[PDB]
């Protein structure tokens, strides 16, 4: 019986000088946010972990992170490098900025041959997020173009310290994603949640408006569709210094063409994460509270 794969986007964890960023032992036992994700993924029935990282911090990643999980669950590393491009394309001379989150996803294409989740490395998704996702992924074995995402409510994801950037979702009555677009600067300004769109117009959002927090469920055909769109991307923006190939962009394109459908899973879990440094004590407090309530042991790994 198949168990789904957890694919963790960890390529951003390095410093700019060949080392791993300082780890934050933020839970009451000194565990990291990533640790809570892995703990819950295991509990939810995920069968293996894949991390996309970069070679520049591989040594410390193996020393400080893989040692926590080895023997608890199978783990594998894949590597996001600038020169890992489709046959026929070369990396521009001046390019230094990584190609983007969906390029990072493409790095898992040979290692992942079953339904899989994609999540960020430093966001707290909550146990039920992993539960609904694992359950759905189990149903997707052998399918093409039938995906999912775990929806959160925008009003639960804001910061009192400044604006946040969220994948704002349009979802129809069948719980299917019809559109997703990254919006920056979302803030609750005296009672109402708003942002400004491309045309500088202010738009408001209901407290319960669905957003993506980059927790997705895919099948391996997703790698092939992504490669197709990556070629298009490189052709159009490959010579640009700061262009990026993002998951929401690709997903949006596939649903608009009808080649994919994405079910939005309305979890009861609540997200948290550190957007601004001032947000951190609140996250420390929430992990302490969940631990006192018995949701987690004091020490995870």
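Residue numbers count along the first chain shown, from 1.
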{"item": "Residue range whose averaged C-alpha B-factor is higher in the record, 152-160 or 82-90", "value": "82-90"}
{"item": "Mean C-alpha temperature factor, higher of 138-146 and 184-192", "value": "184-192"}
{"item": "Residue with maximal Cα B-factor (values as given in the PDB entry) among 45, 238, 27, 258", "value": "238"}
{"item": "Highest recorded Cα temperature factor - choice among 127, 109, 95, 174", "value": "95"}
{"item": "Where the record places residue 219 (Cα B-factor, split into thirds across the chain)", "value": "lowest"}
{"item": "Chain-wide C-alpha B factor ranking for residue 242, given as lowest, middle or highest third", "value": "highest"}
{"item": "Third of the chain, ranked by Cα B-factor, where residue 31 sits", "value": "lowest"}
{"item": "Relative C-alpha B-factor of residue 283, binned into the chain's lowest, middle or highest third", "value": "middle"}
{"item": "Chain-relative CA temperature factor third for residue 116", "value": "lowest"}
